[PDB]
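Descriptive analysis of the structure
Below are the chains, spelled out letter by letter.
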4 protein chains.
Amino acid sequence: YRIXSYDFXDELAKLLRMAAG
Amino acid sequence: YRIXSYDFXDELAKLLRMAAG
Amino acid sequence: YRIXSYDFXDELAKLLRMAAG
Amino acid sequence: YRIXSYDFXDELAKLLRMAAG
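So, the packing of aromatic side chains
Within a pair of aromatic rings, the relevant descriptors are the distance that separates the centres and the angle that separates the planes. Within the structure shown, the criterion is met by 2 aromatic pairs over all chains. Consider the rings of A:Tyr1 and C:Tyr1, whose centres lie 6.2 Å apart with planes at 80°: the pair is edge-to-face. One end of the pair, A:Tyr1, is in the segment before strand 1 (2-3); the other, C:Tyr1, is in the segment before strand 1 (2-3), on a second chain. Classification of C:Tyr1 by relative accessible area gives partly exposed; the value is 26%.

Topic: the pattern of salt bridges
Residue and element names in this part refer to chain B. Using the criterion set out here, one finds 12 salt bridges over all chains in the structure. One salt bridge connects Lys14 with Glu11, and the closest N-O pair in it is separated by 3.0 Å. Here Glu11 and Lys14 lie together in helix 1 (residues 8-20), a separation of 3 residues that amounts to about one turn. Looking at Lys14, the relative accessible area reads 43%, which means it is partly exposed.

A short note on helix 1 of chain B
Residue and element names in this part refer to chain B. Relative to the 18 Å expected for 13 residues at 1.5 Å per residue, helix 1 spans 18 Å between its end C-alpha atoms, a close match to the ideal helical length. The N-cap of helix 1, judged by a side-chain oxygen 2.9 Å from the amide nitrogen of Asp10 a few residues on, is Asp7. One or two positions beyond helix 1, positive phi appears at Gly21, with a value near 70°.

Reading the values: rules and limits
Residues numbered from 1 in each chain as written, not as in the entry; some residues may be left out. Chains lettered and ligands numbered in written order. Heavy atoms only, no water. Residues with missing side-chain atoms left out of burial classes, pairs and counts. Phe/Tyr/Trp six-rings, centres within 6.5 Å; stacked < 30°, edge-to-face > 60°. Helix = DSSP H or I, 4+ residues; strand = E, 2+ residues; numbered from the N terminus. Buried < 20%, exposed > 50% of the residue type's maximum accessible area, 1.4 Å probe, protein only. Salt bridge = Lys/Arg side-chain N within 4 Å of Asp/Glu carboxyl O. Expected span 1.5 Å × (residues − 1). Polar contact = N/O pair within 3.5 Å; in protein donor to acceptor, adjacent residues only side chain to side chain.

Here's what the structure looks like:
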């Protein structure tokens, strides 16, 4: 799930993990 | 990834799919 | 994450939910 | 999606990225 070359999907996954611990 | 009994993770996955086709 | 006309990413997400539900 | 002290969900997401990168 990318906006151009930016992996939005991956970055969203990182936020889910960081928020959840 | 749930807010209480609501599966936010799952619903987010559905949005990623619906938006992307 | 597709394998041809198959949304593998989506199926994996549904599997995670099914197994954890 | 954890298996004990292991974030399986996170590792799966990273694998999808690695294989598709």
